[PDB]
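A single chain, nothing else alongside it, follows as structure tokens in the form deposited in one PDB entry.
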């Protein structure tokens, strides 16, 4: 590790990219996820009271509590209603033009949203087939079920989809005609349970953690409301300087890094992450914040009901427990659902509903990212906190500019306390304040003085995508160029990545050594003229964006006869991608 700590030429911040092993295989999660899911579900209740009382905390509907119950030494799970109201009002009053842009989105963009965009999400657990299916098929099935049970043609607009859902929910019972004609029945309670059931799954390939953690997805019946709320959150977040949303992070971080006083004040840089970020928030606080925003916006009442419905359904959620907890009887091993045998999660046995567990507090990762970020950001608004703040969901960096060290420490503790106030706990061991400011880390970007190194979380897969030679070359060069101009690779590393990708791409298409393709080209005297044919590369660091065929033609490496043979549209081999069609644009069988 001392080898990664330079003391000359460069600094440890420069070598921060060495503290990465993404070139190795990412870990995977094995077998049952029930333990992780139950731990995530039980964490909120153990933190609600300073003295862990899970049973007493299992009856709380709205996770609201007085400031006397907020644990300032450990994680807290509740929220302060009055604090949430006042902070949301302050956020509205500060970023008023952002509120105006949100109102424009609501009064113009929101009505025209098309429900087809709902078919671009994770695999959905159909409430009829009882098995996960891709998003488009699940959307089609849900739409057909709605039309069959309502006897109407649901309009293309997304609000029509949401109103259709809210109407079917009024039906005392529903039926679905399968298609293979098999009938399926639903009681109002059964459909309500299906809609409020979140299906869990391991988060695979997640680097940077020792323990595997799960994620959850909602049903297709409530995904419309979730999309509406998330789009509104994105629209508001795009117009605030405190957000970490995928915005011009270079400009934002450079602007905050340049911030300095007249050299007499005290500057501090606090880099941190929130602990149990999802496992402490309460949807009631989120919906109250949204309601405050909308009411201050002068929005109609049906808009507020539409925005509140998804959080209401999330409050009465049902988390899928997976397969069960593992038990051993001597040398055997068996999975058993919670309830049959004693376990550390016995307190939650009363919440079991079939194979799903009911929980009102807490949240699951991967459902409300932008709303959680908004909830975190509203906390920062108050007179005490006069510093800058950037938040990307669970990561955050704050810049204090105070008159004295005492004011800086008071502001830091006030920031921590306010986050606790809205239900967000900064991981004390993961929070570090440097004074004077100048050194920090945030969103895998490491800032030192006036230099921000954007360390890539993952290396680009420097291999062909598998579509076809021309498309693969174009995509790979584009990926390398994007990773270069984002600061993740300088010119030398960009050229090296180009060479590595070139070698991998040539190998994948049998052009590097003695193969069937090269043997055929040698026997019949087919001089290699393209990169995938074995010809020397024509692209360079400066020409990573051009197309290979045009570049070769301009440089004289391709002749009019070869171009006419290659670019003949009558060849039987024919099928952002800007590769011109050619005989080398074939399609693989399987």
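Rigid core: the largest C-alpha set superposing within 1.5 Å between the two forms. Positions refer to the first chain, counted from 1.
Unmodelled deposited residues between residue 575 and residue 576, binned: Count of unmodelled residues in between: 10 or more.
Where residue 179 meets residue 180 in the shown sequence, the number of deposited residues left unmodelled: Missing residues, residue 179 to residue 180: 10 or more.
Another form, the form deposited in another entry, is not on view; read the next lines as being about it.
Residue among 111, 298, 248, 97 with C-alpha shift of 2 Å or more between the shown form and the other one, core superposed: The answer here is 248.
C-alpha of residue 569 off by 2 Å or more between the shown form and the other one on rigid core: Yes, residue 569 moves 2 Å or more.
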